[PDB]
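Note sheet for the following structure.
Side chains are part of it too, since the values below use all heavy atoms of this structure and drop only hydrogens, waters and symmetry mates. Chain naming here is simple, since letters A, B, ... match the order of the sequence lines and numbering starts at 1 in each. Order of appearance sets the numbers: ligands from 1, and atoms from 1 within every ligand.
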2 protein chains.
Amino acid sequence: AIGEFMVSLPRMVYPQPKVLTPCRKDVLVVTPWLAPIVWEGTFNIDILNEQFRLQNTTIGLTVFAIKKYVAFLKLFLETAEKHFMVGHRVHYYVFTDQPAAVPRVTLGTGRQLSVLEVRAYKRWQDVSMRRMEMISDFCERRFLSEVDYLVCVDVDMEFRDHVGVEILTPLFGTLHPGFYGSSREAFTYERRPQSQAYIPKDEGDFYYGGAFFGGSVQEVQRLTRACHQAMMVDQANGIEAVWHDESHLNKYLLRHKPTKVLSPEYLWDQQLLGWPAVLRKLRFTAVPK
Amino acid sequence: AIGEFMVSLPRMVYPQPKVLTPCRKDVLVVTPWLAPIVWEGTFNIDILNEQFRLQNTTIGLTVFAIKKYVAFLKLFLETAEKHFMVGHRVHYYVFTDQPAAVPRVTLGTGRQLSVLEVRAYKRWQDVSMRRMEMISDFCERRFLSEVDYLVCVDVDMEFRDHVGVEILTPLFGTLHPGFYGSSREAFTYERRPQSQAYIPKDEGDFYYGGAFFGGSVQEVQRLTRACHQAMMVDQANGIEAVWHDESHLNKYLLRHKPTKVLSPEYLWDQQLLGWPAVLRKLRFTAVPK
Ligand SMILES: CCCCCCCCO[C@@H]1O[C@H](CO)[C@H](O)[C@H](O)[C@H]1O[C@@H]1O[C@@H](C)[C@@H](O)[C@@H](O)[C@@H]1O
Ligand SMILES: CCCCCCCCO[C@@H]1O[C@H](CO)[C@H](O)[C@H](O)[C@H]1O[C@@H]1O[C@@H](C)[C@@H](O)[C@@H](O)[C@@H]1O
Ligand SMILES: [Mn+2]
Ligand SMILES: [Mn+2]
């Protein structure tokens with residue numbers, strides 16, 4: 001459940017927070033609209049686990065495995081079993097054009113998987129973009145009745161460390177690993193005013209990655225519907241945004257500020273970018289080709 | 001309104017947040033349960049004003065002026081007019097045993113004041129403690145229909161700088177100015193196990209001040225009802241907590257973590273404590289005697 005009467009926390013013994021010591025001296029840990037930016041060292045997972053377990057939280061995880069991408073499912077799901085929301089109720093939703101190609105992965109107690117058959121588009125760009133329509137449609141069909149939060153991710157990835165309830169909030173985006181240190185002028189936002197995803201050179205907070213976003217079912221429905229409708233307007237106007245669904249996600253999150261932002265710990269590519277000092281953990285990473 | 005469909009923010013030009021620069025290097029700006037700790041330098045007030053104005057936010061401010069404390073109302077209200085939630089809808093609620101002693105203070109547009117007549121208790125301790133019962137009772141009578149958030153403060157104070165929508169959240173407490181740098185063992189929590197306010201030496205996050213707390217009407221109702229019921233149990237058991245309502249507030253906020261914590265900028269005494277380097281602004285301060 002979300003936003004329902006909360007019982008008291010039990011007695012807990014943990015180190016006292018230190019008012020006169022910053023939790024990080026090397027990174028920004030709160031946005032200018034007072035949303036936490038989630039880095040290792042900012043949170044006590046024991047306190048957060050208590051808070052979310054007492055609310056009997058269920059987390060949905062959506063993933064698309066269309067055409068050749070079914071090959072990524074086995075590693076994705078097996079590593080999710082090790083690292084994603086362990087101890088909490090989880091419902092995996094696998095969107096695929098090939099239900100028979102979904103691997104039989106052994107799941108821990110309180111965790112389930114549903115296969116949702118969808119159509120395959122020819123262009124990889126359309127497969128990617130149409131995730132917004134499909135997620136929005138299923139928010140109405142299944143998600144509202146089955147989960148409290150939705151986490152929407154790319155499939156060609158693996159979990160390598162803890163991804164837990166610290167991410168949960170009404171609306172979150174994730175700092176794209178290629179651009180977290182970049183100035184806004186260098187962000188690869190859509191720059192053509194003819195597109196619904198247009199962002200001028202003097203606007204923008206962060207460059208969010210299309211590969212990892214989420215929130216409450218209500219807020220994810222709103223985001224995905226808005227991005228789908230914007231893409232349809234663009235299509236009618238004969239324009240396709242430079243980075244497809246990610247361009248629209250960035251426009252939406254500029255105009256509707258997320259209530260948490262995840263650090264690049266949560267979306268990384270070690271082959272391309274190595275392992276910088278600012279990342280104490282690499283949690284969710286690209287599978288190398 | 002709270003938690004209702006939110007329109008898009010307009011185009012805004014402001015400095016880009018800096019991912020690789022901490023907003024403060026001298027203080028903790030987020031709790032271990034990912035609640036912002038509100039200090040100057042953590043927030044862009046222009047973004048926050050937009051977010052809250054678009055929701056047509058109304059803020060209630062409660063203050064008790066019983067017996068001789070009516071003398072503090074003129075300065076309290078005149079300085080609130082200069083500094084508290086300017087630009088937003090405000091409803092002042094003055095609880096008093098002397099309706100005729102309430103000064104005629106000139107209010108800005110969209111701001112109103114109601115006088116609520118209540119009984120006076122003989123002991124200053126009971127006057128202070130019974131605020132919990134009275135606030136809870138009025139949450140049901142007026143507050144649910146009239147305001148979105150409630151801010152509950154001591155009257156023998158004055159505003160000296162901005163106190164705005166940066167504080168608003170479902171539940172907040174404020175770091176007591178006497179103890180923000182203290183270890184938990186030194187906190188003046190209630191230490192007798194016979195009291196409902198009991199906190200052991202190895203528990204506690206912060207020492208919150210009884211003089212400044214608030215949140216959504218729903219969360220304030222819960223807090224004030226819980227503290228009142230706990231005080232009644234103590235009374236039946238022949239025990240009175242060491243710091244009265246503040247002791248119970250601290251027990252409640254230990255077991256129900258606030259969603260924002262205000263720095264001592266928001267609750268200060270310059271005569272007693274001066275003006276430390278960590279305070280860039282002194283916002284709400286004790287009136288000297
Ligand atoms: C600061 C110097 C500029 C250097 C920036 C290097 C990162 C580029 O990143 C790409 O960024 C694009 C947006 O501009 C899209 O998000 C694309 O999906 C992404 O590539 C994806 O994510 C990457 C991390 C890799 O895993 C790549 O194989 C993926 O296709
Ligand atoms: C670290 C060295 C220890 C030194 C600590 C000095 C601050 C003491 O503070 C008192 O703390 C009490 C709880 O323990 C109550 O909250 C009391 O209301 C408060 O006095 C109030 O607030 C004060 C700031 C003053 O304005 C005082 O006049 C008020 O009555
Ligand atoms: Mn990919
Ligand atoms: Mn006082």
Which ligand 1 atoms are under 4.0 Å away from a heavy-atom of [X]?
X: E246(A); answer: 13 (C), 15 (C), 16 (O)
X: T188(A); answer: 13 (C), 14 (O)
X: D269(A); answer: 24 (C), 25 (C), 26 (O)

Main chain of [Y], side chain of [X]: is a donor-acceptor contact present, judged purely on distance under 3.5 Å?
X: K260(B); Y: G215(B); answer: no
X: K251(B); Y: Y198(B); answer: yes
X: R192(A); Y: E240(A); answer: yes
X: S182(B); Y: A186(B); answer: no

**Q.** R131(A)/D245(A) salt bridge by N-O under 4.0 Å criterion
**A.**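 Result for this pair is yes, salt bridge flagged.
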Q: Please verify whether a non-hydrogen atom of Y207(B) lies at under 4.0 Å from ligand 2.
A: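 Yes.
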Q | Under 3.5 Å: N/O of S182(A) near N/O of ligand 1 | A |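 Min N/O separation from ligand 1 is not below 3.5 Å for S182(A).
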Q. Would you call the rings of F95(B) and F64(B) parallel, tilted or perpendicular if under 30° counts as parallel and over 60° as perpendicular?
A.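 Answer is parallel, since the angle falls under 30°.
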Q) Which class fits the ring pair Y266(B) and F212(B): parallel under 30°, tilted 30 to 60°, perpendicular over 60°? A)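 Rings of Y266(B) and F212(B): perpendicular, as their planes differ by over 60°.
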**Q.** Total protein N, O or S atoms, the Mn ion (ligand 4), separation less than 2.8 Å
**A.**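 Considering protein N, O and S only, the Mn ion (ligand 4) has 1 within range.
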(Q) Out of the candidates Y208(B), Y207(B), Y189(B), only one should pair with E246(B) under the side-chain hydrogen bond (donor to acceptor under 3.5 Å, both in side chains) rule; please name it. (A)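 In the set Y208(B), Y207(B), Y189(B), the residue that makes a side-chain hydrogen bond (donor to acceptor under 3.5 Å, both in side chains) with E246(B) is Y207(B).
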